[PDB]
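Everything on this sheet refers to the single structure shown next.
Chain letters run A, B, ... following the sequence lines, proteins first and then strands; every chain starts at 1.
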Amino acid sequence: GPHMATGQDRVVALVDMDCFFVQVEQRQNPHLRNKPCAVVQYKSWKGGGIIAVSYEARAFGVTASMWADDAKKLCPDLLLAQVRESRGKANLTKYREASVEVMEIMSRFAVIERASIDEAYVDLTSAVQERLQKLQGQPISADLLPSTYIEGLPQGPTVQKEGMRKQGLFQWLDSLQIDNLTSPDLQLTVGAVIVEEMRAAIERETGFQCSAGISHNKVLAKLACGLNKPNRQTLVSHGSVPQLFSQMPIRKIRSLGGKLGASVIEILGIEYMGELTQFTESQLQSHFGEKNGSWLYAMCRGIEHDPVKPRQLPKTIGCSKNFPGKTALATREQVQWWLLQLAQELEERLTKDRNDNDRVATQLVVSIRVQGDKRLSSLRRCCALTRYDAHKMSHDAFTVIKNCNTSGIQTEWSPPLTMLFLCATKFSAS
DNA sequence: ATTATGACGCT
DNA sequence: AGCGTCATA
Ligand SMILES: [Ca+2]
Ligand SMILES: [Mg+2]
Ligand SMILES: [Mg+2]
């Protein structure tokens with residue numbers, strides 16, 4: 001009863017940009033705005049691979065992980081913007097720089113955790129307390145939440161979408177007790193007010209729209225964010241969790257979309273997150289391990305304790321290229337030329353990083369794939385990174401992988417390399 | 001022949 | 001350390 005933790009101690013938001021690389025290209029090129037359009041990398045093989053898709057184009061069935069030639073079959077008028085190519089490879093700098101624009105704006109409101117190139121978690125607990133003291137028991141107007149959905153509402157005793165949103169918001173606000181500064185539901189609501197403000201600032205100052213989730217932890221905030229995309233935000237209360245989870249496939253929860261989640265389904269013979277509540281913590285620990293078991297036991301009740309890490313910058317800076325099929329690297333000179341291309345991009349990004357962020361990488365990771373191997377990576381070796389010099393780094397990379405060459409002739413490389421990867425890691429302040 | 005990333009867990 | 005898992009555009 002009185003001692004049961006309910007995981008309602010924090011207010012956490014997740015802000016995720018809508019169709020992000022497409023918006024970056026639409027800002028740059030007004031001809032692409034309000035169009036079915038997608039961002040593609042490379043072109044020769046099946047028109048290139050789509051990696052981002054506008055919502056207009058999604059209506060035709062266009063997705064990421066789709067070849068452009070196939071997308072054009074679904075949507076003949078699809079517009080395409082190409083990822084930049086530099087030194088023979090795709091170069092994502094424009095999107096990384098647009099990411100920094102958004103992350104720096106979010107950072108004005110609170111400490112953020114960069115979770116990907118286009119999303120960040122926000123711990124709003126302290127900001128919410130401060131907004132609550134200024135409000136002085138004053139009710140929260142629906143006008144302060146113009147793009148907010150309350151998950152699970154309306155319920156109980158119109159046929160248009162915005163109408164339903166307002167109905168749900170009205171029921172939520174009608175029920176609130178603004179008299180209590182420690183009320184979790186009130187805290188979430190104030191969190192949502194702040195996230196409206198954050199999202200408005202992002203759009204005003206960058207031109208980019210985003211969605212967001214507001215809840216009591218990262219997993220629920222992430223889940224909430226996706227419930228109403230694009231250009232909307234969703235509040236998932238603690239109380240909404242039993243109904244939400246009662247029909248929620250396990251794979252939808254972050255970290256359960258792979259083998260672990262499949263094993264939860266198979267071993268326990270269940271389908272939905274809510275069904276996990278019927279197992280003891282020890283039962284779940286027995287199947288999935290101590291850490292996963294405890295995490296699942298709490299998570300299926302809406303409780304999760306992973307902190308929002310104060311980290312706005314990536315911890316690693318990497319450069320990767322595949323050499324598929326016929327294009328696999330089969331000569332020493334090929335291998336060395338591409339290691340140099342990768343190293344030159346890496347040096348460029350590292351030198352910029354040192355100037356911007358007052359740090360230096362100290363370790364170079366070199367990874368390759370070899371033709372035939374099912375695995376992403378066949379081999380990963382580290383060596384010292386002591387100077388930001390591309391020729392040194394590429395020479396060093398060649399040295400750590402040189403003996404992977406089964407070839408009796410040193411000029412040839414066998415089995416041919418289908419991937420090269422250079423990654424700078426282990427930063428120190430500088 | 002999605003590709004190019006990037007974080008965190010295991011032993 | 002090197003490998004694996006899961007996740008992003
Ligand atoms: Ca996004
Ligand atoms: Mg995202
Ligand atoms: Mg996406």
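Distance A/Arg84 CZ to B/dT3 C1': 18 Å, rounded to the nearest Å. The nearest whole Å value for the distance from the CG atom in A/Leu364 to the P atom in C/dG2 is 12 Å. Atom pair A/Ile253:CD1 and C/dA7:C1' shows a separation of 15 Å (rounding to whole Å applied). Atom-to-atom, CZ of A/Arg27 to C1' of C/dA9 comes out at 16 Å; the value is rounded to the nearest Å. Between the CD atom of A/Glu85 and the P atom of B/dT3 there is a distance of 14 Å, given to the nearest Å. Separating the CE atom of A/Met299 from the P atom of C/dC6 is a distance of 17 Å, rounded to the nearest angstrom. Protein atom CG of A/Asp118 is 12 Å distant from nucleotide atom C1' of C/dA7, rounded to whole Å. Rounding to whole angstrom units, CD1 of residue A/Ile250 and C1' of C/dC6 are separated by 17 Å.
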For this session: Would you mind building the protein contact string for nucleotides 4-11 of chain B? One character per nucleotide, 5' to 3', B for base within reach (heavy atoms under 4.0 Å), S for sugar-phosphate only, - for untouched.
Result: SSSSSS--
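Among A/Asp353, A/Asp358, A/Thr362, the single residue meeting the side chain to side chain contact (heavy atoms under 4.5 Å, CB included) criterion with A/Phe427 is A/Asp353.
There is no side-chain donor-acceptor pair under 3.5 Å between A/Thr425 and A/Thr316. A donor-acceptor pair shorter than 3.5 Å cannot be found between the side chains of A/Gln336 and A/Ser394. No side-chain donor from either of A/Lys35 and A/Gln26 sits under 3.5 Å from a side-chain acceptor of the other. Between the side chains of A/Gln187 and A/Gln8, no donor N or O sits under 3.5 Å from an acceptor N or O.
For A/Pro324, whose side chain is taken as the heavy atoms from C-beta onward, the closest listed nucleotide among C/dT8, C/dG2, B/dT3 is B/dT3. The side chain of A/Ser65 approaches B/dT2 more closely than any other nucleotide in the set B/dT2, C/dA9, C/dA1.
Looking at A/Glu345, its side chain never comes within 3.5 Å of a backbone N or O of A/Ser86 through a donor-acceptor pair.
Electrostatic pairing of A/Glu412 and A/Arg332 does not count as a salt bridge here, judged by no charged N lying under 4.0 Å from a carboxylate O. Look at A/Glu348 and A/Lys352 and you find no salt bridge, because none of the NZ, NE, NH1 or NH2 atoms lies under 4.0 Å from a carboxylate O. Here A/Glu85 does not pair with A/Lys43 in a salt bridge; the nearest charged N to carboxylate O distance is not below 4.0 Å. Under the 4.0 Å criterion applied to side-chain N and carboxylate O atoms, A/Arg165 and A/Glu162 are assigned as salt-bridge partners.
Residue side chain A/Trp45 meets the stacking definition with respect to B/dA1: its ring centre sits within less than 5.5 angstrom of the base's six-membered ring centre, and the planes differ by less than 30 degrees.
Between A/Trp67 and the phosphate of B/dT2, there is a side-chain N or O to OP1/OP2 separation shorter than 4.0 Å.
Less than 4.0 Å separates DNA chain C from at least one heavy atom of each of the following residues of residues 219-234 of chain A: A/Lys222.
In this structure, A/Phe20 reaches the sugar-phosphate backbone alone: every heavy-atom distance under 4.0 Å involves primed, P, OP1 or OP2 atoms, never a base. A/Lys259 comes within contact range of the sugar-phosphate backbone alone, with a heavy-atom separation under 4.0 Å but no base atom that close. Counting non-hydrogen atoms under 4.0 angstrom, A/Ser255 reaches the backbone sugars and phosphates but no base.
Using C1' as the reference atom, C/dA7 and B/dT2 are 15 Å apart when rounded to the nearest Å.
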